[PDB]
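Taken together, the values in this text are just the output of simple stated rules run on the coordinates, not laboratory data. Here the Cβ positions follow ideal geometry from the backbone for every residue, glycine too, while neighbour counts run over all protein chains shown.
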Protein chains: 2
Amino acid sequence: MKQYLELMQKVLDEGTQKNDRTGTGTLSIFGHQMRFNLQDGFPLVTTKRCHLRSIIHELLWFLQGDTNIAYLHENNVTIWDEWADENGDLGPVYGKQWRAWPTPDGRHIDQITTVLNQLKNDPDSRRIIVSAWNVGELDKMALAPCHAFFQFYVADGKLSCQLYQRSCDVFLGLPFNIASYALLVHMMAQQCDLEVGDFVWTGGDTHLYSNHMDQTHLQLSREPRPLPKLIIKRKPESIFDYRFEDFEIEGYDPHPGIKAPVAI
Amino acid sequence: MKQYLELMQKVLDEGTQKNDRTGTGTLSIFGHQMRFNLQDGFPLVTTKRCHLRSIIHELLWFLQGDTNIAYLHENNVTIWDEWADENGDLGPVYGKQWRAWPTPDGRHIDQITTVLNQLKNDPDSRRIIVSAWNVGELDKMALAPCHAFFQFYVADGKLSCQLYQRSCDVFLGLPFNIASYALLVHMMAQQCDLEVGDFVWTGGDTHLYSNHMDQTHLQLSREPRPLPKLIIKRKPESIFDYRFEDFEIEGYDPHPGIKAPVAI
Ligand SMILES: Nc1nc2c(c(=O)[nH]1)N[C@@H](CNc1ccc(C(=O)N[C@@H](CCC(=O)O)C(=O)O)cc1)CN2
Ligand SMILES: Nc1nc2c(c(=O)[nH]1)N[C@@H](CNc1ccc(C(=O)N[C@@H](CCC(=O)O)C(=O)O)cc1)CN2
Ligand SMILES: *c1cc(=O)[nH]c(=O)n1[C@H]1C[C@H](O)[C@@H](COP(=O)(O)O)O1
Ligand SMILES: *c1cc(=O)[nH]c(=O)n1[C@H]1C[C@H](O)[C@@H](COP(=O)(O)O)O1
């Protein structure tokens, strides 16, 4: 996508060398923002084939408040293998915080349910937020939340969402992340009888891994193509009742997928 | 400042009318980002005289982990009066979350000390973050955190910081918020023997209150003047030992102040 490719190029031109916790090394910039009007098309990168099967199952997995990769494996999703433990646990990551953020007093808060009720009863609210950045549980997570905090907004009957990604693997993670949240917006909008607005992506430490340079140059040599159209074939009774079969992408004809090693 | 005036103009040009919690009504946009290179000068709005006295005291107050307005009153700062209870309490807002975020197992995390340790031992870390958005205590607070989440970054010996402000009163609050974090960056940089980088401001629901329009246009009719200069006269033993007198702003020649009503 135009904005994705411009970011990729910006990291190459302006990024500075960094030595991350892994020791792989990266080129990094700090602070960037992109906007995707969801009515212009589903923001699924076309300069490389991105498989939605993994994106969709991970999101449904998050919404169920599950943090054990069992469900993912049952659908052959391996994106979370490199961080799960012997029992397939990741600790109180995304799913847990989204559906059951533990309060100091031993109880839990369901942020997704809160958000749905806010969108339906108080759409003008400036507090429609979901945060996975539970400071008190970071030490228990297999890894700290990358897509850390997001906010919804309603105007002119349209639902928008802004994501703050504190750390972003531009080549491997970003395409996945953008599609995941764009999808969530479509789902929320459907449950709230709203049209889709913009997905605003904001990044903190936005980087390209040193061992992703060849792939980056390859992708930058490719021209983006018209974005596909997301079709939801069934309207479930709640945001928690979606299933893989409900989603279908139309008119998606991307350049060939590009293989690249992930940093552990 | 150029960036600030351009944001005001952006809200005016692309904003949508919206009702709000205070029942005042606003003109708002969703998603914005701007940067202030702190080496260019201290980002204190010059198109209207801004009260640095209250800004400094509010920040020292946050850093002490205080959430009662008594300290502010002792120093003639009234910006938090409208929301404090009869005892002067605001609940576990900014200060409390910054210095003692309560975990579910009875511990408390001092995020400010944590960030300082990360800057010292692992400046390339991609998780040098402070969050005031404690989901479990939001409804104990007089108001939900506006400047809700911020991240630090270090490159070429310069300290940068990005703030995600989920709700922004552009006319009254923003000038304060920008100077506040710029001040914090200078303080942290001094404690860490780093030079200042950029302060990146990102907004969610960024609005102008309906009853701030004439004041906003009056301010927009003015040309920004040279940015003032911030001089820190001492290096305290810790980030928690600064005093009002340690700060001096030089060359601040603002246009006349413009009064406006705060939305409660
Ligand atoms: N460092 C790194 N670590 C991560 C993530 C990341 O973002 N980068 N994100 C989380 C895991 N998510 C992913 C998402 C995509 C991939 C990935 O490897 N994608 C390949 C393979 C896709 C497939 O499996 O079919 C691609 O070509 O798109 C790896 C981890 C947690 N850890
Ligand atoms: N709606 C609104 N409510 C708020 C804030 C905001 O951002 N706007 N921010 C917090 C309170 N902070 C402020 C900051 C400035 C002012 C204010 O009133 N400033 C005047 C007066 C300053 C003074 O006392 O000298 C000015 O001219 O700058 C009001 C609330 C919480 N509630
Ligand atoms: C984290 C997970 C995701 O969904 N998207 C991402 O881009 N990533 C990347 C960012 C970084 O390369 C790595 C996490 O490392 P750290 O926690 O920032 O040290 O995964
Ligand atoms: C909150 C505190 C601050 O330091 N800066 C701000 O801009 N404000 C503003 C945002 C909004 O106008 C109001 C809070 O109201 P709500 O919680 O967003 O409904 O104060």
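For the pair B:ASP241 and B:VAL262, what calculated FRET efficiency results from E = 1/(1 + (r/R0)^6), where r is the Cβ-Cβ distance and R0 = 35 Å, to the nearest 0.05?
Working: r = 31 Å, r/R0 = 0.90.
For B:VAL262 and B:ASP241, the calculated efficiency is 0.65.
Would you mind computing, in nm to one decimal, how far apart the modelled labels at B:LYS233 and B:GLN17 are, each placed 7 Å from Cα along Cα→Cβ?
Placing both labels 7 Å beyond Cα along the Cβ direction yields 5.2 nm.
For Cα pairs less than 8 Å apart in space and 6+ apart in sequence, what is the mean separation divided by the residue count of chain B, i.e. the relative contact order in percent? Show your work: numbers first, answer last.
Details: 489 pairs, mean separation 72.9, N = 264.
Contact order relative to length: 28 percent.
Anyone know which of A:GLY31, A:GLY197, A:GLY15 comes out most mobile in the 10 Å Cα GNM of chain A?
A:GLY31
Which of the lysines could a cross-linker bridge to A:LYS158, judged by Cα under 16 Å and excluding same-chain residues fewer than eight apart?
By straight Cα distance, A:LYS158 reaches A:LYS120, B:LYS18.
Can you give the FRET efficiency to the nearest 0.05 for B:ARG222 and B:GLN39, using r as the Cβ-Cβ distance and R₀ = 35 Å?
0.90
Just the number, please: percent antiparallel of the DSSP beta bridges in the protein assembly as shown, rounded to the nearest 5. Walk me through the numbers before you get to the answer.
Working: 64 of 84 bridges.
Bridges in the protein assembly as shown that DSSP calls antiparallel: roughly 75 percent.
Can you give the charge dipole size of segment B:2-264 about its Cα centre, rounded to the nearest 20 debye, using +1 on the beta carbon of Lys and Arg and -1 on the beta carbon of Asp and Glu?
Working: 25 positive and 34 negative charges, 83 e Å.
The calculation lands at about 400 debye.
Comparing A:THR67, A:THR216, A:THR16, which has the greatest mean-square fluctuation in the GNM of chain A with Cα pairs linked when under 10 Å apart?
For chain A, modelled as a Gaussian network with Cα springs under 10 Å, the answer is A:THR16.
Any idea how far the Cα center of segment A:77-117 sits from the one of segment B:43-58, in Å?
41
As a quick test, which of the pairs A:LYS235/B:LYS10; A:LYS48/A:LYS229; A:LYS10/B:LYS10 have an alpha carbon distance above 28 angstrom in this structure?
Numbers: A:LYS235/B:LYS10 37 Å; A:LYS48/A:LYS229 17 Å; A:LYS10/B:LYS10 24 Å.
With Cα atoms farther than 28 Å apart: A:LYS235/B:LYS10.
Would you tally the net charge around A:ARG243, using a Cβ to Cβ cut-off of less than 15 Å, leaving A:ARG243 out, and scoring K and R as +1, D and E as -1?
-4
Any idea which of B:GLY23, A:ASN121, A:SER160 is furthest toward the positive side of the dipole for the protein assembly as shown, if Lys and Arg beta-carbons carry +1 and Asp and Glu beta-carbons -1?
Checking the options against the dipole of the protein assembly as shown, the answer is A:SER160.
Taking a ≥ b ≥ c as the square roots of the Cα gyration tensor eigenvalues, with a/c under 1.5 meaning rounded and otherwise prolate when a/b beats b/c, else oblate, which class fits segment A:6-91?
Oblate, since a/c reaches 1.5 and b/c is not below a/b.
Go ahead and set up a Gaussian network model of chain A, Cα springs under 10 Å, then flag whichever of A:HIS57, A:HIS217, A:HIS147 fluctuates most.
Checking each option, the largest mean-square fluctuation is seen for A:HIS217.
Suppose a student asked you for the relative contact order of segment A:157-264, using Cα pairs under 8 Å spaced at least 6 residues apart; what percent would you report?
On the way: 122 pairs, mean separation 32.8, N = 108.
Once divided by the residue count of segment A:157-264, the mean separation gives 30 percent.
For B:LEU159, list long-range residues whose amide hydrogen, built 1.01 Å from N in the peptide plane, is under 5 Å from its own amide hydrogen.
B:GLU195, B:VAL196, B:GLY197
Do you know the relative contact order of segment B:38-158, to the nearest whole percent, from alpha carbon pairs under 8 angstrom that are 6+ apart?
20
Write down the percent of antiparallel bridges among all DSSP beta bridges whose residues are both part of segment A:2-264, to the nearest 5. Let's see the in-between values first.
Numbers: 32 of 42 bridges.
Bridges in segment A:2-264 that DSSP calls antiparallel: roughly 75 percent.
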